[PDB]
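Below is one structure, written out as structure tokens; comments come after it.
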Amino acid sequence: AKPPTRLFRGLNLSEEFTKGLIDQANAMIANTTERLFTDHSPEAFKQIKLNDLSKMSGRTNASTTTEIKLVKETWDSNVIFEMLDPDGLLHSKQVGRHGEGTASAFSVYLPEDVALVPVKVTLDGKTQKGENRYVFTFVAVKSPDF
Ligand SMILES: NC(=O)c1cccnc1
Numbered sequence: 548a549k550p551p552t553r554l555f556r557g558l559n560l561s562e563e564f565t566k567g568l569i570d571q572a573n574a575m576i577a578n579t580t581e582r583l584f585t586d587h588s589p590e591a592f593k594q595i596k597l598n599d600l601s602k603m604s605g606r607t608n609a610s611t612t613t614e615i616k617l618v619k620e621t622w623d624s625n626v627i628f629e630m631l632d633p634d635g636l637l638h639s640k641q642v643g644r645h646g647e648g649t650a651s652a653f654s655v656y657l658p659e660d661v662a663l664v665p666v667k668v669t670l671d672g673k674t675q676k677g678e679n680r681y682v683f684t685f686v687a688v689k690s691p692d693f
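Numbering (the working numbering), first residue to last: 548 to 693.
Shown next as structure tokens:
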């Protein structure tokens, strides 16, 4: 199928929530993701699923795009989730354009045994409201199997 291996999704999130989201991601990046990446930790996997930073957990048809500019220039999201899926662990179905005012997209399902593991939070410019725009980069990883 050769699904796309990088997808983006944006949300408009409040200032206060976004600040807490940054802090939570960076706490996991330094402190939880390491256990998953180095020691293939089941507990660390579970904590990442439960935290669900991206709000993707359980969604079977969340809309995404391969083009980050489409997110920025359609919804002017202040928070953009960049999902790296080299193993095609997501179920990514192309939803083509169908008529006026539409755009191509990928509809995604995040299985319970796939975690979007946070790896970075990066400042990426400003929204049209003058908000700082943040990109949260994740890698999709399979539950460890011992
Ligand atoms: N159609 C959408 O809701 C959407 C949102 C963010 C990124 N890509 C698509």
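A virtual CB, placed ideally from N, CA and C, is assigned to each residue, including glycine.
With 16 other Cβ atoms within 10 Å as the buried cut-off, status of residue i
i	result
residue 537	The requested residue 537 does not occur in the structure, where the chain is confined to residues 548 to 693.
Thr-684	buried
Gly-557	buried
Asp-632	buried
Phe-693	exposed
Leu-597	exposed
residue 700	No answer is possible for residue 700: it lies beyond the span of the chain, which begins at 548 and ends at 693.
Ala-574	exposed
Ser-610	exposed
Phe-564	exposed
residue 710	There is simply no residue 710 to check, as the chain begins at 548 and stops at 693 in what is shown.
residue 696	Nothing about residue 696 can be read from this structure; the chain reaches only from 548 to 693.
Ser-561	exposed
For residue i, the residue or residues it bridges with in DSSP
i	result
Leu-558	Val-626
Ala-662	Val-688
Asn-679	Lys-673
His-638	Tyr-656
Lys-667	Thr-684
Distance cut-off 7 Å: residue i Cβ against heavy atoms of ligand 1
i	result
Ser-610	yes
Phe-555	yes
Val-618	yes
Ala-652	yes
* Okay, do the stretch 570 to 590 and the stretch 649 to 660 touch, 3+ Cβ pairs below 8 Å being the bar? -> Too few Cβ pairs lie closer than 8 Å, so no.
* **Touch test, the stretch 590 to 597 against the stretch 627 to 644, Cβ-Cβ under 8 Å, three pairs minimum** => Touching, no, given that fewer than three Cβ pairs across the two stretches are closer than 8 Å.
* On the three-pair Cβ rule with 8 Å, is the stretch 676 to 692 touching the stretch 611 to 630? -> At 8 Å Cβ cutoff, the stretches touch.
* Go through the stretch 562 to 635 residue by residue and report every complete run of the beta strand (DSSP E) that reaches 3 residues or more, in order. => Counting only runs of at least 3 residues, the stretch 562 to 635 fully encloses the following beta strand (DSSP E) elements, listed from N- to C-terminal order: 609 to 611, 626 to 631.
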